Structure formats: structure tokens, C-alpha cells
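Each remark here refers to the structure printed beneath this line.
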Amino acid sequence: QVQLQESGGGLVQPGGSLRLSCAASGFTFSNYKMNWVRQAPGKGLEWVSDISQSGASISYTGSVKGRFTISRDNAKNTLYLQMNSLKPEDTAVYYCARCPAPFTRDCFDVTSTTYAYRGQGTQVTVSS
Amino acid sequence: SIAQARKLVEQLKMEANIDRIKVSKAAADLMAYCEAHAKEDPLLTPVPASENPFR
Amino acid sequence: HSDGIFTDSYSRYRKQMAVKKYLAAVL
Amino acid sequence: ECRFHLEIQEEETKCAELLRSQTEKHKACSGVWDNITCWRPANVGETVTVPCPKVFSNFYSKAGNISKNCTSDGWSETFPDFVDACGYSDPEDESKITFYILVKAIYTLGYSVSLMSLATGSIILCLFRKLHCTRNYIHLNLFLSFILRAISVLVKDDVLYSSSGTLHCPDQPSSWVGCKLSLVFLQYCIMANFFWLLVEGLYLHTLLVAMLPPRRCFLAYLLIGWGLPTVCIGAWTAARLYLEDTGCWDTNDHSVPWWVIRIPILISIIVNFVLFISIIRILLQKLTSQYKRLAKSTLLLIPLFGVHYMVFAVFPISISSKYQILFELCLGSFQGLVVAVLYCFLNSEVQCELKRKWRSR
Amino acid sequence: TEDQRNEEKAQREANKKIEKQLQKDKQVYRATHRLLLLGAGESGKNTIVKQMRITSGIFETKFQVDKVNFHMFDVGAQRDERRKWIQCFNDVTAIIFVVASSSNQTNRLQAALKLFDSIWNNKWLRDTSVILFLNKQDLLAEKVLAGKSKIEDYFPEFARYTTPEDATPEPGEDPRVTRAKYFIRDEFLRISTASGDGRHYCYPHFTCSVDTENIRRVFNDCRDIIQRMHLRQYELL
Amino acid sequence: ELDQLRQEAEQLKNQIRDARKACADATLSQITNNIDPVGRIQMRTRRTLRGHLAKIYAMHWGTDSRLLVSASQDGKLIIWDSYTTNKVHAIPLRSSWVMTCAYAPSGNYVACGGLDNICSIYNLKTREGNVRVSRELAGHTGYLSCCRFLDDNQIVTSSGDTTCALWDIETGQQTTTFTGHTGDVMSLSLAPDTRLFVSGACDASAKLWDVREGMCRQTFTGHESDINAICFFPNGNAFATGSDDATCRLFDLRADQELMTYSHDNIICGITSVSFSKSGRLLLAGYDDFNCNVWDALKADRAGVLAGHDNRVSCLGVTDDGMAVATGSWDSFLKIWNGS
């Protein structure tokens, strides 16, 4: 059974650093590209960043790049998201999402309402 | 929501209350069916061309 | 075309050789 | 063989044999067979001046005549020398023969190898059912036109310039009709090849310009490929049967039969060059919005259209026609091989199909 | 064999009739271009198709330009799970991808960029060309001249961007407007040209969703696609 | 409220998987060591059916193992005669984007459906002499991916709206609706007794339904990507399924657990169609690397390859008597294959 469990999150002060971890099971980690998406309160699902099979190719959404970093550990089958220097507009539920099929580069569906290969998510809040 | 979660929970409870059969018995059943109908399988043992309708 | 040009030229040359041999024989 | 001179010499010998058969009154200078003329007996005190024989008309550097004085004892000697009056005057011609032979070898090889390619190329487009598109049908017809051209050239060379026989060359007309049909086959094959080179460019231009091609286009192409030469060839035959039935139709003397076959070929060459320019314009427009790709595509498209014939079609005939022969006949005898290599062997689709067939077995 | 000759003859005649009708259908089929209209609900896709015209899971539009038939299909009552039914459109002449140049709910331009990246790199759509409609140009015009927007922040590399030399601005246009336009166009072309390989091509256009030139843009781009396909069959490209 | 409910659903799942682990003590591969391999399976193309313009996307054999229907994306539903290669019918479809074929077991009707979300039922007996749309079942909100006749009067359909539905052609109404999947439902297979059917979905799960009462009985989760094809074993106690993770799997209903995985290291392409031989010893799987291949269901090693297609194999079907295998492909060609 394919499942993705997200850990971390919580409430942190603006400008602080917080770490998100993603433990995967039920599929081969290496041959799947994966990514981080998020849902703001009252908004829709939006794509944050993605990392390829080997971790060589990385991309971020514009409002994030320069702040967050991602890395995958195929030995531990775990995805990471480092969120240093947070901003008040980063409060959202973060979902670790998986690519639909292996050995692909298009990787259509991530930010859908009822996507299957997606985790439950962790709430990240920044306030003072 | 609550409705979807409770539907999933009751479906899982239905899944729990089902009978149990050993996988060895299932494997034996599959093997027995395969060996019983082996001679009636044209793809396993090709039929002579006299009664092959795709000659 | 070039095939016709070559054929015509070669036929004329062969006739030249034949007539030259004949004229050498008679004279 | 080109032994019509022997036949006409025998005719002119029977001229003297028959016209002097009667014997009614012996003259001072009785008719004899000498100086290759039908001498007529003449009485005392007459001078017989006759033109040099028309049989050697092509062989004269001057319009001269031979004069003889008639005497009671007979004709003593010809005052003007034949070599001096109407001689060959060709001292350097003895070394041209090798050149002809050399050329006759080279293009022969060309046609040979071209044949050995085109034929097998044809079966690759015939055996495999995936390759049954209109473009490959046009390519197949072009290959067949090349094959016919090579076969006709080889047959003409065998008929006219052979050495296997004794070269007796009988006067019976069946051989003459045979070699005339050989030359007609040559002309038809050459013109059909030119028209299929035209049809290739016509189809490519229609694909690139018409956003939807006509449904019954290929049929029309077939006519242009094969029906159009026939009519022209027929016209040529009529001319050869009316204006100059001189001998075997391997020599062009009268201008009308030469132009009858020269005009359609020149028109096809010009139109193909225009279509080539248009296609290169379209390709440049697409490549601009690299120049090595454009050059490679132009060089790849040159053999399929036969645009090298444009080099000598517009150039005036002032280089003794030896350079035109050496370029066109010799080099372009390999055009069939080049076309087969480019559009049947290095074609990616047919190569992948051949790989699939090879791995299947 | 007396009772089976007649039925075999009847089958042969029926097959001949079917083959004649199928030849007619093939002639009809090969003369029309199928287009897939794709986009979001907040773009000008519906307005564009309504101008072109002037429950069901698929919507159909027939329009004829220069005696050439065009058969454009719009996605109807379908979910946002395009994984499986996108493969039905791998043999169309083009996918007209309409994107609203305005980045509000969220960064919808980023979602459109991700969708274009997915379409471009799909193994079944790798031979299908995309006609890109950078729709809603008037919103760009009256949004970047309003003083503040969400493009300089949501795309940090826009600050260090200069207008391309080959740009062709419309007369009487602020340089900021054309800078933003060509920045978005280059954002799409960055991922378009990264994996093209000559199999398929992208045709960006600045559209406004209300004009008579969009149908002509589609016609010209389809002509270019067909010509490039023909030139590829001859290994001239 | 939701946190505790999720935390107890997860321990229900843990109990289920513990029961599965208790069931699994002997593997099917180990118990099949005593049997002999089937050897190399050589199959040859006997017929090639031409006539479709665009890609063939679905296909279905008739009960007489002679006639077969096939759907093409150009909008054609062609009924062939496989013995003589003659075309029996050439039904033109209202919507070109067809994705499924069904052939009524009695042979009187043929079904189709696709991106129009409509299941069209065509009468083939033609009391007036022409094939006409007998019915148009509407009510799905996704797209029709599969449909199979229970009989002349009933049909079960699979939709992209994450739902299956059992209809009544006489009244044209959804007699019952099967829900519970998460992703698109891509295929369905009817049990031989027509009392249960399995469906594979885009959530990487297969699901078994009882037709007459209408609720899920068992859920099978062994695949890691979306399921494209599913088929029952001949005796109805097991079923095979293929997915985009380049693996086929066999599940047993009574054991309620995956039994065997058919995969190779050199295959990285998805599996589009799955079928079983007459005895169930051979499992034929169509791949989108342009060719089919034949596994043996008991040894999990490839026994043959069906390589004749120039594009991806979309559909695959074995006759009721097991004499021939039809393969359809995106190259618009239909091929009949038989043993030597």
C-alpha cells in the first residue's frame, strides 16, 4: 500500500526555521520524482517545489526559491523541506506528493483536489 | 470530511469481518485448475492444423 | 541530352575511321 | 554496327555494275570503276568534272570537285588529289578513340551499379507494406525510370558498338528496324526519367504549398511520368520517318527531330529548377524562424530533382561539348545509385523496418 | 457447399460495400484538422470558443477557414485528473493551450507553467505541437501600469530581466508592459525549448480573447505544423 | 474528532495487514517448484484486420469466438469475421472519442462509450435492416472507460467519475451505483457466474463488488501506480491486474492477498491490457513498449513474446474456446495470433 507520512510543522515565529520530513512506503523511492505542495487557509492547492529521481534536478516556485531547500534520501526513503527565514504568508498545510508513474518526466497530477499518491499533510503556522 | 471518514471506517470494519483461507489452499486450487484443464487449452498445446480454424 | 550527343559523336567518329581506312586502301 | 559506309559502297559499286551492263557503242574513255564514282563513257575532247562523292559529305574540309580529261587511249590520271581536294584533314583524330572508349567505360559502370542499387531498392519499397504511401510510390516510379534508362543505354551500346559477332552487317532491313527501335527505346527512357525527376519536385511542392493535396493527383503524375514522354517520342519517330530516315537513328543531323526531344527536357529542367528554388525558400523560412542544416538539405535534395542538369541547359554550347559529356553522362550515370543510397538505404524509416525484419527472423 | 456459397458471396458483397463506405470516410477524415482546446476556467478559453462559434463530457466546434475544415474539441464534464484522457489527443494537429497572463487566488501562472511542462514532456504528447495563447493582454496592460502587481514578487528573476532584442512591441506601448509580456513568454519558452528535440513545436501568441485574428493564428500555425511534418518525412528537417 | 478517527482507521489497516501476514506462510512460487515449465511459447500471426483509420483503443470477442467488435478513435465500431477477415458491420459513432467496446453474449447488441460520458447500445439484428442506436445510457460525470454486458437487459460500466454503475437498458436508468474508489476506474472484469466483478482504479487499488446488492466486498492494494487492466482467472477464484509500475499481479479472493508478481528488470513500461488463457496457465499482457508478452501464471517467468505491432498495444482478448488471441494497437491494426 502506497503511503506518505509527513512530520514536522507546528507554530514558529516569523523569520524562523522549520523542518518538514516525509517518510514514504509502498513504492520504490528511487525511480519516482517527488515534490512539495501546500494549501493556504481559504485558498487552493499550489505547488511549492520538486526534486527528480536522483535529486540532481530541483525546482521551486518563485515566491519560495532562495529560502526553502529540498533533498531526498533514497537510503532512508525520505524527502525533506528546509524552511528557514519564514514569512507570515507561508502559513499553510503542506503535503508531500508523489509522481503518478515511475521513469517519467511529465508527471501531470500533483495539486488536485482528490489526488491519491499524496500525504495527509502537516500544518505550518507563523504568527506573533 | 466526517462522512467520507466514517464511510471508510465502516468499509474497513466490513473488510475485517471476513473469512480466512490459507494461501497454500488457494495455490493448490490454482494449480489443480491449471492441470485439470491443461489438455483443453489450445494456446498451451497447439491444436493440429486439421481442426485449427485460423489456418 | 548527353547520351544522344555521345552516341552521335561516337557514330560519326566510327564512320570517320571506316572512311579513312577505305581511302588509305584505295589510295 | 556503324558499317553503313560498306553498304553504301556496295550500292555505289552496283551503280557502276548495272549502268554499264549494256554495250551499244564503245567510247574513247569507257566507263570504269575507279575514284569511287559511277563514271559515264565520254568521247574525245571532253572534260568530266564531278563533285566529290556525297557519301563523304560529312568528311570534307572544302567543297571541291574532281576533274578528268578524256583521251583516245583513256583516262590517264586525276589532276586534283583526293586528299588535297576533299580529304579527311584530321591528323589528330587517331588519339580521340581512347577518350570515347574511356567515357564508354565510365558511365557504363555507373549505369551498372545504379541498376544493381535501384532494382534492390525497388523490392524494399515493394516487399514491405508499411512503405505504401504516395511518396514511396513516386519514389518507386522514379527508380523504375532510372532502371529503364540504364537498360536502354546498355542495349543501345550492345546494338551499335558490339564486337562479339563477325561485323558482317547484312543489308536486310530487320536489323535496321531493330536498331531504330533500340534508339526509340533510349529516347523514351531518357525523357521518362527527366519527367519523373520533374514529378518528384511537383509532388514535394504540392505537399509544401497546398494545405490539402488533390485526391487524384498521383494518377496525373503517372501520365506526366509515362504518358507524356510517349506522345513526344511518337512525334520524334514521325520526324525520323519523314525528315531524316538516313540510317539507324543514332545521328542527329536535321534540327527538327533534335528539337522535338530537346524542348521537353529543357522545359522540365527549368521548371524543376524553379520548384527547387521555391522549396529552398520555404526551408530557409522555416529554419530561420542554423545554416549547416540548410546546406545539408540542399545537397540532399539536389540528386532527387536532377538540378545539376541546369548547369549545361542554360550555358551556351561553346566548350566543344566534351565537358558537358564528361560531367553529365559520366558523373550522372551514378545519379541512380546516389538517389537509391539517399532515399532507400540511409532513409531512417526503411532502415528501422529492415532492422525489425532482421531481428524478427 | 451448395448452402454456403450464397452466404459467402453475400459476405463478400457486404464487405465490399463496407470498404467503399470506409474509403469515403477515410477521404473525409484525412481532410480535417482536429484541435484540442485546453486551459483553465479563469482564462479566456470560453470567450475564445464563443467568438469562434460566431452535461456532456466533450464539446465540439466545426469551423472552416479557406475551405479547410477545423474540428476543435473542448473538455466538458471531466475531473481535474487529466492523466488518462489526455492520451486520447496524441494524434491531434495541435493543442491550443490558453493561459491567463495574470499572477488573486494564488500563482495561477505557475500552475499553468507546470501544466505546460507536463503536456510538453508526456511520452504520448511528445509529437503533438502546442499553440500557446498568452491570453488577457489588456489585464497585463492595465495591471502593471496600476502601480503595483504580483509579478515582480512571485517571479524573483523578473527584476534582472531585459526586453529581448527581437521583441516587436505594439506601437504606443509602455516598455514595462512589453517587458512583462516577453518575460512570461520567455518563461514558457524556457521549458518549451529545453526538450523540443525537433519532434514538436510551440507557437506562442499574445491574444486578448476578443478579436478576429485568433482563428487566423490557429490556421497559420496548423499550416506550419503540417509543412514541418511533410519536411520531416523527407528528412529535410 | 478527525484525528482520533484517522488514528483508529490506521489501526484497522494494521489489523488487516496483520491478518494478511498470518495468511501468508507459503508462497505460490515455492508450491509451484514441483511443476514443469511450459517451455517457449511460439505464436504466429494468422490474420491482420485492416480498415480502421485512427488508433484502435478497445476490442471484444463474441461468444461464438468468430465475430469480434473493435472501436477506433476516428469514430468507427467495426464488427469483423476473424475466420474470413470480412467486415460484417461498420457502425459510425456519434462521438469520435470512444474508449470501450462490449459485445452482448447473445450477440444481438454492441456497446460503446468514451469521453462523451454516454454508453451507447446498438441493436445488431436490424429488424428494419440497419443498425441503430437502441439506447443511450446517461448519468456518468467522468468518461466511460469500460463496459460489459451482464445480459441483453443489463450492463455494468466503469467511469472516470470514480464510479461503476449497473444499468437497465429497458428503462435506461442506473439500477445501482458502486462507489468507494479514489481515482479514475480504468477497467472492470465480470466473474464467470456474473455475480461479482472487479475494478481497477487510478488509486492503485483493485476492488471486488457484488452486483445484485451493490457494495464493496474486498479491496486489494499491492500495486504502486494506477491500474490499467484487470481480468478474472477462469474459475473465478483469482484475478490478474496490470499497472503503470511495469508489473502484473495475481490476487486470490479467498486468501484476500496478492499471490504472485510478474515483472522483469528490462521492462520499465506500463501494462495496458491483461488476459488469461483458457486454462489460466498463460497470462498474456499487452505493453506500451509496442509488443505483448506471455507469462505463465504459476512460475512467473516469461514464456513468449507477441511482437508484431508498430505502436503500443491497447487491447487484448482471448476467445471463449481459447483458439486465438486478438491484439489491437495504436497503429490502427488488429492481429490474430495462434499457436504453431
Side-chain angles (χ1 to χ4, degrees), chain A residues 2 31-53 56-69 85 87-95 97-104 106-118, chain E residues 38 40-42 78-87 89-90 95 97 103-128 130 149-161 183-184 187 190-192 194-197 199-200:
Chain A
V2 56
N31 51 355
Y32 281 106
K33 91 176 278 187
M34 293 177 70
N35 63 7
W36 280 99
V37 305
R38 81 198 205 208
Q39 185 151 17
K43 303 287 100 176
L45 276 151
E46 70 160 317
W47 171 87
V48 169
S49 49
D50 63 357
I51 187 161
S52 179
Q53 287 70 240
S57 189
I58 300 102
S59 66
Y60 311 86
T61 182
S63 79
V64 168
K65 67 182 291 294
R67 295 198 292 132
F68 297 1
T69 61
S85 67
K87 294 195 287 185
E89 55 264 16
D90 284 332
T91 290
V93 177
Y94 280 81
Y95 307 92
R98 196 206 80 171
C99 202
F103 315 112
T104 61
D106 56 356
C107 191
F108 281 93
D109 191 359
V110 192
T111 73
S112 292
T113 317
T114 45
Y115 190 57
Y117 318 113
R118 198 201 284 142
Chain E
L38 206 68
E42 292 303 314
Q78 303 281 343
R79 288 158 73 242
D80 44 358
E81 298 281 327
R82 308 157 167 120
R83 265 182 285 157
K84 296 298 170 189
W85 58 258
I86 203 71
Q87 323 176 356
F89 303 92
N90 75 320
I95 288 148
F97 191 75
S103 54
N104 58 348
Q105 272 275 99
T106 178
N107 199 352
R108 312 193 29 90
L109 197 48
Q110 182 64 262
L113 283 166
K114 298 319 281 170
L115 181 51
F116 180 76
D117 193 298
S118 287
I119 296 291
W120 201 248
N121 294 323
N122 192 18
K123 61 176 292 188
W124 306 116
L125 314 175
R126 260 202 262 278
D127 313 323
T128 318
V130 183
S149 53
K150 288 177 175 177
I151 296 89
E152 73 286 3
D153 279 330
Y154 283 66
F155 291 88
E157 68 273 15
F158 177 56
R160 297 158 279 102
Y161 179 79
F183 170 70
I184 300 157
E187 291 293 328
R190 270 174 54 229
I191 62 171
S192 164
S195 277
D197 309 340
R199 292 180 299 266
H200 60 293

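Proteins get letters first, then strands, A, B, ... in listed order; numbering begins at 1 in each. The figures that follow rest on heavy atoms only: side chains count, while hydrogens, waters and symmetry mates do not.
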### Message
Less than 4.5 Å to any heavy atom of chain E: does that hold for the side chain of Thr111(A), its backbone, both, or neither?
### Response
neither

### Query
If you measure from CZ on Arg83(E) to OH on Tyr115(A), what distance do you get to the nearest 0.5 Å?
5.5 Å

### Query
Are more than 12 heavy atoms from other residues, nucleotides or ligands located less than 6.0 Å from atom CD of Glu157(E)?
yes

### From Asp106(A) atom CG to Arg126(E) atom CZ, the distance as rounded to the nearest 0.5 Å
7.0 Å

### Message
Minimum heavy-atom separation for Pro156(E) and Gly62(A), please, with both atom names.
### Response
CD-O, 3.3 Å

### Query
Rounded to the nearest 0.5 Å, how far apart are CG of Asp117(E) and OG of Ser59(A)?
8.0 Å

## Note on the structure
salt bridge (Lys or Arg N to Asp or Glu O under 4.0 Å) filter on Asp80(E), not counting sequence neighbours, yields none

Between side-chain atoms of residues 106-116 of chain E and protein atoms elsewhere (two or more places apart, or another chain), which donor-acceptor pairs fall under 3.5 Å?
unit_1, atom_1, unit_2, atom_2, d
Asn107(E), OD1, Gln110(E), N, 3.3

#### Entry: Point-to-point distance, once rounded to the nearest 0.5 Å, from CD of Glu46(A) to CD of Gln105(E)
10.5 Å

